[PDB]
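The values are calculated or read from the model by the stated rules, or taken from the named source; no laboratory read-out is quoted. Note: ideal-geometry Cβ built from the backbone for every residue, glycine included; neighbour counts use all protein chains shown.
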Amino acid sequence: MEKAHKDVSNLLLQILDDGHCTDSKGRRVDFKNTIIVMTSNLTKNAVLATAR
Amino acid sequence: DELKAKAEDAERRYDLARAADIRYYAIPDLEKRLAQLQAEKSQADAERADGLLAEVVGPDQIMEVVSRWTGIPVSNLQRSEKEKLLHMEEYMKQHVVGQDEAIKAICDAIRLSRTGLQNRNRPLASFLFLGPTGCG
Amino acid sequence: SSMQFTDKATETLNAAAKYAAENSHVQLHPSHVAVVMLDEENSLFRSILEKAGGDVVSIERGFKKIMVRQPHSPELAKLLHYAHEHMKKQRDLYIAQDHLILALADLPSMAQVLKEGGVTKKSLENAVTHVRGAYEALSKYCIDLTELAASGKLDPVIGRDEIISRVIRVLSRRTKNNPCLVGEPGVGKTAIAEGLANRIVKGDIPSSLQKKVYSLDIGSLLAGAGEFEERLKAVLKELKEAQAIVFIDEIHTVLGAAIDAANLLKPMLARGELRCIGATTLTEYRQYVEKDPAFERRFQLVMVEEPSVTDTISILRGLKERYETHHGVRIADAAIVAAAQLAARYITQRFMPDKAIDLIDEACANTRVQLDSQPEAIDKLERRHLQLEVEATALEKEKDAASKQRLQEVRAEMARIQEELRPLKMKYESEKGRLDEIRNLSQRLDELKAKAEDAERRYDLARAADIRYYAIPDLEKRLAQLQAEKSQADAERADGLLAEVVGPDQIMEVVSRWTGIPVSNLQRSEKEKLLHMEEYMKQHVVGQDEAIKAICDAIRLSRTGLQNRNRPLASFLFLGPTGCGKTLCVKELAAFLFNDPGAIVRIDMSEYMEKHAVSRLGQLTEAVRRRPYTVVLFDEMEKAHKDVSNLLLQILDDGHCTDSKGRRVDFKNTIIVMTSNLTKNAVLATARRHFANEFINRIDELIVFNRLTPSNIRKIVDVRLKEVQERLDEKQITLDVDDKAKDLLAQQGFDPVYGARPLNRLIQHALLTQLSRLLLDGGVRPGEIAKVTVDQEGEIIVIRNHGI
Amino acid sequence: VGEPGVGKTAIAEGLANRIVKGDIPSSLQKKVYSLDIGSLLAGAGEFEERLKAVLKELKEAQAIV
Amino acid sequence: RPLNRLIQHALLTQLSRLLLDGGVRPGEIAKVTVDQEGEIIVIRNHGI
Ligand SMILES: Nc1ncnc2c1ncn2[C@@H]1O[C@H](COP(=O)(O)OP(=O)(O)O)[C@@H](O)[C@H]1O
Ligand SMILES: Nc1ncnc2c1ncn2[C@@H]1O[C@H](COP(=O)(O)OP(=O)(O)O)[C@@H](O)[C@H]1O
Ligand SMILES: Nc1ncnc2c1ncn2[C@@H]1O[C@H](COP(=O)(O)OP(=O)(O)O)[C@@H](O)[C@H]1O
Ligand SMILES: Nc1ncnc2c1ncn2[C@@H]1O[C@H](COP(=O)(O)OP(=O)(O)O)[C@@H](O)[C@H]1O
């Protein structure tokens, strides 16, 4: 989750706030039971400061 | 079940005297007899030390069909919810050995959003795996 | 049975009697029908006879000699009887001009002239086969608006006096005599032409205009096949010889295109032999009218502006009686004003008055179900009595020692419910036939008012004299008596007072359902919100005492009337370091003034920094049109170029932005907030140098944030821990924190070099972490007051009382 | 509005149970009818004559479909 | 430039507060004088 622009970054922000995304067909899938995990690569104090 | 289906037609066919005989006499009499036979049958299960079982449809019967279609045994589904989150940090350390400070932080965000300490508008947990790869 | 004749076939016998009246005649002979058909433009009686041969001149001269020998004719009665008997014989095709040929061939008096002229009887069979395969076409393919307007079957038009009067001036001109109601799908376009037809019968139109109004149906002309040319040319021919104005709904779909249909309307509108009234959308108006220079020469731009909140109230007063008849309810006067004010401040689906009528239709329909299907206040007592009555009867038939004791407890609770259910059940049975009678007595009076007005307008003072003077005055006493006895009986039940009269509380229920805003937030007026605004912001945002007062000083000056209507609500420019209260202050603004935290759009400058994305500020223009009361947040304003600030200059100066589709979005009631991370005197002068000298002067308040003081840290932990206890009130768990634990977390999380972000993370990784640990093993049980104090080694720990 | 599988046929079937019972307002009684498209195409303009007769019977009787 | 902001942050600020609670009724004459402290204040003409 680092090889993309800013289109998919702003779409995933509303999931962590409202809890559901706006579907193109017209649905509101509630993400209250779906965990969100990511994988990237950006002692341990200087590593997390790069991804910020 | 026959009197239950016939009682629905009484409220539609405009029958006040007919509905007063089913919704006030047929239902109570048919429910007391069914509940009486269930209590007398359960008393004979302990007087023989091997009574007729395999009749109470519950967690032991619903989980058996799912276990055959998927593959996960029934013993992995009959566990309590309040007991799985306590031993969750100890089960992940069996195969993954080396990240003693990372596995403990995983259960900190899951056990907090399931006890009312987190807003319901947010998902379960939000993680961000960083650092070099190959750790797990 | 009954026969059905078209308007063209009906006027055929009338036109034949007019020609015979000048030649001194007392009866109408069927031979006069063939004479009228031979004097029309592109008639069908001549082309059909040409295929079979014969001599039409010998037949035409033979029919003219029969009418001279004449002294309802007895021979005409046989023609009307044959049209009714042979109306169920052949196959398809109704009645028209070609079907009347076979009716004249069956008459013995007309068959002798045909046989002696040329075309015999056998030639008429093969002649009508090859040709096979308001007037005539104005009845099935068109709908006359003046007919439904004079018959009392049209909704009143109130509030369009400034638009209808302008269309009359356009039709009276020599050139550009084709009005086009250019507007939007929601401001009203078809109802505008409805009021013009009302002034035609009354006589309010000038003498220069005497035409009619015909609604051209687009879907009716496309019924079937190829064969579209025979249906379109028939409508234009009937409108030329009759001189009438046709109305075309959505002209962008029929004029400008699959099957070519706009080519038949260009020569008619150019020679002045046709007058059309357009009503399309401005979006498609610039692609079908302004594109062709020949269309602009005949069409005139007529703008349709959406009415304000003052005219919308008068619009609902006209359609108030229409809903009081169908719904059978009483609409109060206070619900009309509140409907026009709540239709543009919370929900927005169309425009005025379209977005205001649905609130009255939905509110009046909710009372229909809540009264005939037993109200909730009455059904609640019946459901509780049904569960106790079925249980008491089961214990009476069972003789047991434990059944007699349980029956006494059920009977004690059954007598209390039955004491209050009988006065409500017996009253509901009497009000069932009385409330349904009001709707039955109102729908009949509505139809009598329509038939009474139709007779007075069609010169018939013999039928309407028994309706307005007898059928109506004798029925208003019974309808008013049932409405007075019903309102008095509702007060005796002490419940369901707002279940039959649509009032202010009834309109707020529909708005609260179509969004999610609680009812308690709807009753709060706009005047009381500006008074208790400073006390609400201090409860969530502390430390910035000089910034909260500056926000209210820029909003109160725009609502009273001390500033011109050329700027939005309040333009802000937040500065200071990060983590000082730039994002939380924006979220708290919409939760009090807008009553919608989710209505805050976020347009980041990470993707709109390029010059190609400047025109999409458009995506931002279209987004704010759907939701008027929105919060536009400008994050990372320091990274924006000069093209962004130049586009927002016309918004704060003219009050609106130039839309790409020619629309106009109102930017008067829209807040303008920004976010930037640029002692306090040199910080403010830095932001004024990067931007232009004019953009910084237009901004009202220039709030400059500062770092958090150590004295305000103690207040942060007092209001942050309160939200944790509020989320645990559902489990009956009281969270109490002593003064010792409130001072340890305040001296460790103090980090002014970054903001208040590491502040709450230290509490969650210590206080909130160990609190959820005891909620799974058996430490803290739902129903015990928890205690959090400081231990002996200095660590936030939760005091437990139960083991594992 | 819904995907073919969420339950749309039972909505019209459950509404007919409340019509005969009396849960609907007596001032405006409706009747539920099922317009099957398979029986209308059993002949052959046959479809234009069979469908027009069904819609006429619903306007003079005040009922849904 | 500071003159346009001084008349709004002193004379127009206290004037808008009286128009929201009941200080200046529509139909009276507003009087703005200088008090003994030294600040442009808006004197109301209505009881609290
Ligand atoms: N404790 C372990 N024992 C054995 N294999 C492991 C262990 N931890 C990680 N691995 C292996 O290392 C690999 C890491 O793959 P990874 O880089 O995560 O793939 P991706 O980049 O597609 O997510 C896995 O395929 C896994 O098999
Ligand atoms: N003066 C008025 N009084 C009552 N209703 C009006 C008035 N003006 C417009 N309307 C309503 O606005 C609606 C406009 O409908 P129409 O022009 O067909 O499409 P659109 O809703 O897209 O404009 C009409 O249904 C009418 O009831
Ligand atoms: N006045 C305040 N008192 C206590 N906490 C605050 C205050 N203002 C902001 N916060 C905290 O700051 C967080 C939001 O920070 P944010 O405004 O996004 O920082 P930035 O302005 O750097 O973007 C919130 O979680 C809130 O708890
Ligand atoms: N009494 C009922 N209770 C619950 N679900 C029902 C009931 N009656 C019908 N359904 C559901 O409605 C669905 C109807 O399916 P079907 O008629 O095939 O297509 P559609 O879902 O489009 O109507 C069924 O899948 C069934 O599960």
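Do the conditions hold for D:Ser26, that is, is it touching an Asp or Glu at 6+ places or on another chain (Cβ under 6 Å) and of a type in the set (S, T, N, Q)? Judged against the criteria, D:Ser26 is a match.
Yes or no, residue by residue, for (1) among the β-branched types (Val, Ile, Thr); (2) closer than 22 Å to C:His25 by Cα; (3) not assigned by CATH to the domain that holds C:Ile245:
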residue	(1), (2), (3)
C:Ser58	no, no, yes
C:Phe63	no, yes, yes
C:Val68	yes, yes, yes
C:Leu80	no, yes, yes
C:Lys121	no, no, yes
C:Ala127	no, no, yes
C:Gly133	no, no, yes
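Just to be sure before I move on: is C:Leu530 within 14 Å of chain E (Cβ to nearest Cβ), aliphatic (A, V, I, L, M) and away from ligand 2 (no atom under 16 Å from the Cβ) in the structure I sent? The answer is yes for C:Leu530. Taking first residues from region C:352-370 that are assigned by CATH to the domain that holds C:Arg330 and at positive phi and partners that are crowded, with 21+ Cβ neighbours inside 10 Å and assigned to a helix (DSSP H, G or I), no Cβ contact under 6 Å between residues at least 6 apart in sequence or on separate chains turns up.
When we screen B:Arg111, B:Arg79, B:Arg120 for residues that are under 30 Å from C:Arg727 (Cα atoms), loosely packed, with under 12 Cβ neighbours inside 10 Å and within 14 Å of chain A (Cβ to nearest Cβ), the only hit is B:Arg120. Report yes if some residue within region C:445-462 is within 30 Å of C:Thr325 (Cα to Cα), in a loop (DSSP other than H, G, I, E, B) and among the basic types (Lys, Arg); otherwise report no. Taking every residue of region C:445-462 in turn, at least one turns out to be within 30 Å of C:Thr325 (Cα to Cα), in a loop (DSSP other than H, G, I, E, B) and among the basic types (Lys, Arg). Applying the set (1) away from every other protein chain (no Cβ under 14 Å); (2) under 29 Å from the mean Cα position of the chain (by Cα); (3) loosely packed, with under 15 Cβ neighbours inside 10 Å to C:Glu420 leaves exactly one unmet item: (2). If the condition is being touching a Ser or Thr at 6+ places or on another chain (Cβ under 6 Å) and in a loop (DSSP other than H, G, I, E, B), then region C:745-804 contributes C:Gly755, C:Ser772, C:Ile785. Listed by first and then second residue, the pairs with beta-carbon distance under 9 Å, at least 6 apart or on different chains, first residue in region D:1-23 and of a type in the set (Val, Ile, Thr), second within 16 Å of ligand 3 (Cβ to nearest atom) and assigned to a helix (DSSP H, G or I), form an empty list.
Looking only at residues in region B:104-136 that are hydrophobic (A, V, I, L, M, F, W, C) and closer than 17 Å to C:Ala766 by Cα, which one is farthest from ligand 4 (Cβ to nearest atom)? Filtering first and then ranking leaves B:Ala105.
None of C:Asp495, C:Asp474, C:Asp505 is touching a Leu at 6+ places or on another chain (Cβ under 7 Å) and either part of a helix (DSSP H, G or I) or more than 14 Å from every other protein chain (Cβ to nearest Cβ) (or both) except C:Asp505.
Does B:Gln99 count as among the polar types (S, T, N, Q), within 16 Å of ligand 1 (Cβ to nearest atom) and surrounded by 13 or more Cβ atoms within 10 Å (Cβ to Cβ)? So B:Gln99 fits the description; yes.
For region C:337-357, the criterion of being closer than 23 Å to C:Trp514 by Cα and touching a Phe, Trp or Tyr at 6+ places or on another chain (Cβ under 6 Å) is met by at least one residue.
Only one entry of C:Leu482, C:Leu522 meets the criterion of being away from chain E (no Cβ under 14 Å) and within 18 Å of C:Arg368 (Cα to Cα), and that entry is C:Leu482. Of the set (1) exposed (fewer than 13 other Cβ atoms within 10 Å of the Cβ); (2) within 14 Å of chain B (Cβ to nearest Cβ), all apply to C:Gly662 but (2).
Please determine whether any residue of region C:408-417 is assigned to a helix (DSSP H, G or I) and farther than 30 Å from B:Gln36 by Cβ.
Yes: one or more hits.
The sole residue among C:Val780, C:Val788 that is within 23 Å of B:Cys107 (Cβ to Cβ), surrounded by 14 or more Cβ atoms within 10 Å (Cβ to Cβ) and more than 11 Å from chain B (Cβ to nearest Cβ) is C:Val788.
Table: residues versus (1) within 16 Å of ligand 1 (Cβ to nearest atom); (2) under 30 Å from A:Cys21 (Cα atoms); (3) of a type outside the set (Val, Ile, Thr).
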residue: B:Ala49; (1), (2), (3): no, no, yes
residue: B:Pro59; (1), (2), (3): no, no, yes
residue: B:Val74; (1), (2), (3): no, no, no
residue: B:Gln78; (1), (2), (3): no, no, yes
residue: B:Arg111; (1), (2), (3): no, yes, yes
residue: B:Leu117; (1), (2), (3): no, yes, yes
residue: B:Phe129; (1), (2), (3): yes, yes, yes
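How many of the residues making up region B:81-136 are in contact with a strand residue (DSSP E or B) (Cβ under 8 Å, 6 or more places away or on another chain) and either in a loop (DSSP other than H, G, I, E, B) or under 25 Å from C:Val780 (Cα atoms) (or both)? Number satisfying all stated conditions: 5.
Scanning region C:222-257 for residues that are under 31 Å from the mean Cα position of the chain (by Cα) and either among the basic types (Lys, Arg) or over 24 Å from C:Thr190 (Cβ atoms) (or both) yields no hits at all.
Yes/no matrix, rows are residues, columns are (1) out of contact with any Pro (no Cβ under 9 Å at 6 or more places or on another chain); (2) not aliphatic (A, V, I, L, M):
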site	(1), (2)
C:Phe705	no, yes
C:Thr709	no, yes
C:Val717	yes, no
C:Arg720	yes, yes
C:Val724	yes, no
C:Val737	yes, no
C:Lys742	yes, yes
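In region C:392-408, what residues are over 21 Å from C:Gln418 (Cα atoms) and more than 10 Å from chain B (Cβ to nearest Cβ)? Within region C:392-408, C:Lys399, C:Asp400, C:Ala401, C:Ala402, C:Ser403 qualify. Just one of the listed residues (C:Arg627, C:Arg616) is away from ligand 2 (no atom under 16 Å from the Cβ), of a type outside the set (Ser, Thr, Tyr) and under 16 Å from C:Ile672 (Cα atoms), and it is C:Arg627.
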